[PDB]
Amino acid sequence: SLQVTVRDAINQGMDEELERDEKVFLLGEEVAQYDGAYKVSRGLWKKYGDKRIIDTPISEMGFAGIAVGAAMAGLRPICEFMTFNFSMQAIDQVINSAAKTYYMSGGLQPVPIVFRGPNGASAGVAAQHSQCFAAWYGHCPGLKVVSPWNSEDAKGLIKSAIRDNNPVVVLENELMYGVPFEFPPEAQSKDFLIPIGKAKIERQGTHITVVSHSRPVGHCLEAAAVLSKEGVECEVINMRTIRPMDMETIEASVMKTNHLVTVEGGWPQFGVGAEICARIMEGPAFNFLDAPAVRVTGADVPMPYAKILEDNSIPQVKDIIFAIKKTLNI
């Protein structure tokens, strides 16, 4: 029905949840008067004021703990990390205070909070600002982790994240913020919700299953378009949720294609691709495999600055296509 960027889809989602529940509020660095470090929270402060949209000093561990404390007391905070690279300073609050609390209290203390912000590689930001944390957070029980790709995912997931009564980590992508997508009337509604824990097939296929999350989903689609002209039909699956991941949709697809390839932007060892492959080998889809599952990921090195080096540290369409042809042996 119309064109809307991921940035605007996320802004829409937060706006609607802020209007819907007075207990919801946003806090983070430059989130208010500056309109957000990446302009995602633009216009919010001007509309809701100092009480709902709160600018904070540069104290990650500090304001993350404050957000968690406010959640234990009944409020529903949205804690923004300028980038998740900076969440490492506050990771103890996320893991030991937010995630395990409901379990430790025997079901007496819930923690309705959302941690969001850009995750993974960007462009020329170097080693300390390009890390992907999908695997780290997805490793912890009591936490829900989502990684949206397009505008529809972004809006639907942030709203569900806000409504869930448990801690939810929303790993966004800075490179996706300005990308426009066709926003149907159903997504424009204030009742639009995307359930946590359900994958999505972005492209139907019969020859091979390609699974990914976040920005690389777009690269898988382009790869699928190229292979298509060659007669190869890929089934592209957008994970959406890292934890709890929807293995049923992935396995169902594998039982049809007999081939599997995973694509992620993070480091390979102990990454998202490893977990998928292990789940496949332990489940009922293993016997439907006609070739070993292969993983496409970022290079196993900290992110280099130089352009030509950076391009070879992130998976490209050609890497995806090459891995697919290897699996299909064509």
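Between two forms, the rigid core is the largest collection of C-alphas that superpose within 1.5 Å. Numbers follow the displayed sequence, beginning with 1.
Superposing each structure in 8 other deposited structures of this protein on the rigid core shows that the farther-lying of 30-38 and 51-59, by root-mean-square Cα distance, is 30-38. Relative to its counterpart among 166-174 and 146-154, 146-154 has the higher mean temperature factor, C-alpha atoms as listed in the PDB entry.
For the two regions 287-295 and 66-74, the entry's Cα B-factors average higher over 287-295. The PDB entry assigns its highest CA temperature factor, among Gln128, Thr83, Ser122, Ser214, to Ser122. When the Cα B-factors of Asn258, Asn238, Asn96, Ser105 are read from the PDB record, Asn96 comes out highest. Sorting the modelled residues of the chain by their CA temperature factor places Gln33 in the highest third. In the PDB entry, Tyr48 places in the middle third of its chain by CA B-factor. The PDB entry assigns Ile324 a C-alpha temperature factor belonging to the middle third of its chain's modelled residues. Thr206 sits in the middle third of its chain by CA B factor, as recorded in the PDB entry. Among all modelled residues in this chain, the alpha-carbon of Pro141 has a temperature factor (C-alpha) in the middle third.
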